[PDB]
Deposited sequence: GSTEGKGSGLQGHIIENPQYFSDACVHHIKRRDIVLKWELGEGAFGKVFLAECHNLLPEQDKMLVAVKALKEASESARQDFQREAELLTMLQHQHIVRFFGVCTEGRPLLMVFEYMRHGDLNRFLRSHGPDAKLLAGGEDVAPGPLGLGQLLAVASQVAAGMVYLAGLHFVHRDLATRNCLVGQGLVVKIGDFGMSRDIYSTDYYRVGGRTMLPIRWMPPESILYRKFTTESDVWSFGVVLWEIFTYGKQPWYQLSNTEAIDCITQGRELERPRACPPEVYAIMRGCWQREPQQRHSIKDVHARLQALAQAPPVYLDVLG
């Protein structure tokens, strides 16, 4: 149910196994593990560089063919706000996908660790939002539907650089963010919960939810409610409240992403243009004054 596979239906670089030196396990899911590794002879002037390596547990013909198609699409995705894909290693089991290493981990973990529970300021929160929007503009321009846009599926590198990307293990690491196939219901618009239909318009809705995560420093949307209760609020048209750290100007943008009718939601290009203008000239808003 990945966006990569969704886009596949609707030359890959090969790295020698011996050029990869596994250093530590970063995470794991049902499909395999993710390692921190050193990769030799990959980038110029960097005889050694850190990479994140996704290892696939299953080595069957269908898993191999799916892997290849995903690797072809990942090679094609090239943007400043998309996690860099360096290539594969198909030298037997486990099949490996090599990505750049994002030193601050996923954006949800980053927000929670840089929040009140020092804390990121308004200008930094707007820069994070603008970068996530820029990656989504790129994906929409390719008619690529993410299907699971959320802060847990964004990564943070050196110098507050934020990019869209994940190692396909969020349904395991953040199982609490999904409901049973495992659907990310708190991030979904009513037509996706009801008809299980994902579009660029449903990605825009999830972007509004990402904005809410950003300005609550990574809190789960509808945190006071159970999964079935959250489905009810969304299908009935209840809206997430404006976070305290969120200026009215950003809340108006979220509300634009959350129009009930998919055809009435702002385009991501317009959402990005608005957030970019606010990141360069932040509104004078003190969260303490509300």
Missing stretches, numbered from 1 on the deposited chain sequence and kept in order: 1-6, 17-24, 132-143, 207-210
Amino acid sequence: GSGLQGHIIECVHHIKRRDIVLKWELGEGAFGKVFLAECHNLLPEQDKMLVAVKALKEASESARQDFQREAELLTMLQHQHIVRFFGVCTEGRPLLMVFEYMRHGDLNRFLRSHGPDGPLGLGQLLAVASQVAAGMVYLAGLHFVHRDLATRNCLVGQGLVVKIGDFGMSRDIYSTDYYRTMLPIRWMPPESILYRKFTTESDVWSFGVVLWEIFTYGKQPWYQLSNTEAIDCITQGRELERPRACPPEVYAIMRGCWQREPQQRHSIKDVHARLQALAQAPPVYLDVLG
From here on, numbers count along this sequence of modelled residues.
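Under this definition, the rigid core comprises the largest set of C-alpha atoms superposing within 1.5 Å between the forms.
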Stretch with larger C-alpha RMS deviation in 9 other deposited structures of this protein, core superposed, 242-250 versus 65-73: 65-73
Farther-lying stretch by C-alpha RMS in 9 other deposited structures of this protein, rigid core as reference, of 153-161 and 192-200: 192-200
Check: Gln78 without coordinates in a third or more of other entries: no
At least a third of other PDB entries omit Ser170: yes
Stretch with the greater mean C-alpha B-factor as recorded in the entry, comparing 150-158 against 193-201: 193-201
Mean temperature factor over C-alpha atoms, higher-scoring stretch between 248-256 and 232-240: 232-240
Candidate set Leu211, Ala127, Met76, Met102 [ranked by C-alpha B-factor, highest]: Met76
Among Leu120, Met97, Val145, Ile82 - the residue whose C-alpha B-factor is largest in the record: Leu120
Third of the chain's Cα B-factor distribution that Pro44 belongs to, per the entry: highest
Entry-reported Cα temperature factor of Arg112, expressed as the chain third it lands in: middle
Relative C-alpha B-factor of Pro221, binned into the chain's lowest, middle or highest third: lowest
Entry-reported Cα temperature factor of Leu50, expressed as the chain third it lands in: middle
Chain-relative CA temperature factor third for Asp177: lowest
